[PDB]
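Considered here are two forms of the same protein chain, supplied as structure tokens in two stand-alone entries, structure 1 and structure 2.
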Structure 1
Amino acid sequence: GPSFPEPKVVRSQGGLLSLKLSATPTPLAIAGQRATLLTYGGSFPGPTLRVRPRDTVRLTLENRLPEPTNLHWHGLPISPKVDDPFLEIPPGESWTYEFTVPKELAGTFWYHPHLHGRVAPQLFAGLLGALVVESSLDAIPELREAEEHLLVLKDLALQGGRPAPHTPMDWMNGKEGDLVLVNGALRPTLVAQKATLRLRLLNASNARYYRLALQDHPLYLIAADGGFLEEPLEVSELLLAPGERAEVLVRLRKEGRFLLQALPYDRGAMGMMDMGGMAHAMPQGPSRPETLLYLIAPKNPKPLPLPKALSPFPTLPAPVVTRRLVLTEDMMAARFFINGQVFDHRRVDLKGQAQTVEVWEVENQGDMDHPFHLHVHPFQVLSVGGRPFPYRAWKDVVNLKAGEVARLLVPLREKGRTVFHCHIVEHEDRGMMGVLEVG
């Protein structure tokens, strides 16, 4: 097949993407070895759903797993009666998700389980896929003439031909795997045919971070989790925390082989050490550097000009309330808290007004990085750690290093009960989640 593997794409037809998707244990060939994963649509990653604004999505999820499951439409500003974090699909049963893609929307989104207490093993085992919302902006020459690829960044560990089980330490840290894969492939080769690449990036890992850097090249950020930037932003590297997405342009500068790497990054994961009366927690330190793929540039590359502008970011109304959410840890208990509480599905923690704007100050008082995710209501990151954000775009996950405060501008959209949680999904399963009600 193509040198660069990507998930099969399912496109809407006549304004309708109608698809049945089974969640099933699936024998596969993965990274040169045979293993049984949990998949949507028989593949790892699951199929990429490609839609346009105003399309209707009708996705029937059949649960063939031995435990209940559901779907989170991560990043989609739709109703939490559709993107329902409390719904349970029992084994053997099906549920049809039906929604209209919002008019003002573009970018890379994804789908995965969100059944509290069961997310981390199900996501680790392979249950995830991408959703791409096409935009009329994709027709501008500087994007249309680029070579486009999706990169699903997800790691894995295998034991006995199955996803490795979670250990106690995995529940504390979030589980990372030794197989650091792109689109389910081990260090694939991308032989570029054009000098400008448009790469849609998804961190679908439980806990692993990707400090992305392409050898000898900058990256041009053109979209964050939930939409385009106002104009391209040149960066030397790009950190993608669990759940985050980005889209970048790569302007290949000369012929040759260039490594796309996940550079060393210390997210605060912990181990245990005994040195005589010690028996205390000790930092794991930075991750070892990983090669993600090999990028082969074409002959005599002449990249396109970058687009001068992308999408103007909406002028938001003045906010009507300020929230403060504080994240803390009990590492040895593998318990994680928001404002001193663990998740309770019966307890509403915040009550807000639809079509108002709120300021959310999220403070990480733990020592680990925590990627904070809000369902249903995309936000604008104003600042993190006291540093202003260098661009305006919709996000739905924001990474907080130890001590950092993120200031978010949160327009409340659809009414109903939804959640916010750490997207180190082990921490969500272990309590780091709360309930927002919008009325």
Structure 2
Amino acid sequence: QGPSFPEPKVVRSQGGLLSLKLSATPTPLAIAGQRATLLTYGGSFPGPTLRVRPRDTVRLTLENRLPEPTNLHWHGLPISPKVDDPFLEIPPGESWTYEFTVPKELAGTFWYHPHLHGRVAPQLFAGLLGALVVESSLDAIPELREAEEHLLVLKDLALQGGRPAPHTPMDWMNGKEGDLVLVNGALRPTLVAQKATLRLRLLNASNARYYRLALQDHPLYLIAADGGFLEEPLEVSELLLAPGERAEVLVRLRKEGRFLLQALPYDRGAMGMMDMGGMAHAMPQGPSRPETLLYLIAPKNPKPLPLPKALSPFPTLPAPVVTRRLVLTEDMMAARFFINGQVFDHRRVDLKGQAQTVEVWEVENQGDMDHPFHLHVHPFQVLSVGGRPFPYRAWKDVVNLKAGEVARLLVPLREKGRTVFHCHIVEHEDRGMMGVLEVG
């Protein structure tokens, strides 16, 4: 009712249970004024938003109707790696039911996508992704309850012949970016705000594109990172979202008008072709061109809410028991990517850690591109990047490292089992940059 805004269909838990059969299938769809056949969950792009409360049971049956094997990664959920199993393969025509309980203190925006090694990048690029929202008691305080809430799934695409464009040799090296920069599967939609305070859940579900988000004439007030709430709102003029990262921001519309949400130029170190330059840039691709993501129309006579004074206190973490060093390196021309000089081998365990202990991980980017590092199953606290302090305390599961940057992460090891860590430029993961952690 009122103005429409494109947003994925929401499926909600009922009486503590979210039970849902989701098919992964090729699907003809309308997209940016054309018809295209994508790979989708539940017949839509993006897939449906699953919305649960803490302590809910999730029983998701994935029915594989693709021509190739697949599986699901529950990105950012601290659940068992025997449920969130990166090594599982669901053959075409077969089904698999994922059953888990939502942890009691969890809150924020998460997502699901394929994680069959070697096929992630084509499958994710083809449209297989969806959001998972864990509601929190904090959503009831007036300063958030009365905000207008929307999910914004940021995902670019490129089509050729009415299907997702194939990966080129350059895509395996740089990660694939597409010419259609979409919001919730729509091109430059318009959001007609009905409240003066907005609460926007942001999800970068792109293969490799970075979104340096800025809203004309407005700061953003960050209230949640990947894995949960900040301790209090943080005002920012702009917000860089790397592939796989999520944020929740409050927007306070002061005046009437139409304001662009843009992805400002960002240079993530991608490499260009043909060596024959004059002066300007050369063969580094250089900064991305700016993109308009959506248009925001403020309500008449807008009066925003006061910001919440506080959000969620961040638990103090015990002293770490071990320090780890993970060096990321690249061989760009072979498009091969390494952690500590090795490529992923599913038969090899790279790190052995103890359940119920805290570790510090020093992840060092000795490449020339940004690499966004992701750890399954165990959310972490970023303490510092490049020797300087992180700007807030919150659970993260992806941390962006620019060339030469070293991140120090506090990693509480929860669930026992074998899981992975990898770059979330998913082409790099497919081409080597993944390793295996075993918790016992």
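Shifts are known only where both forms have a C-alpha. Residues are numbered by position in structure 1's sequence, first residue being 1. Definition used throughout: the rigid core is the maximal C-alpha set that superposes within 1.5 Å between two forms.
Colleague: After the core is superposed, which of these residues, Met332, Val348, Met278, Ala139, moves its CA 2 Å or more between structure 1 and structure 2?
Modeller: After core superposition, the one over threshold is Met278.
Colleague: Could the core-superposed CA displacement of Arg387 between structure 1 and structure 2 be given in angstrom, to one decimal?
Modeller: Core-aligned C-alpha shift comes out at 2.0 Å.
Colleague: Look at the Cα of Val376 between structure 1 and structure 2 with the rigid core superposed and state its shift in Å.
Modeller: Displacement of the alpha carbon, after core fit: 0.1 Å.
Colleague: With the rigid core superposed, where do three or more consecutive residues all shift their C-alphas by 2 angstroms or more between structure 1 and structure 2?
Modeller: These are the shifted runs between structure 1 and structure 2: 1-3, 274-281.
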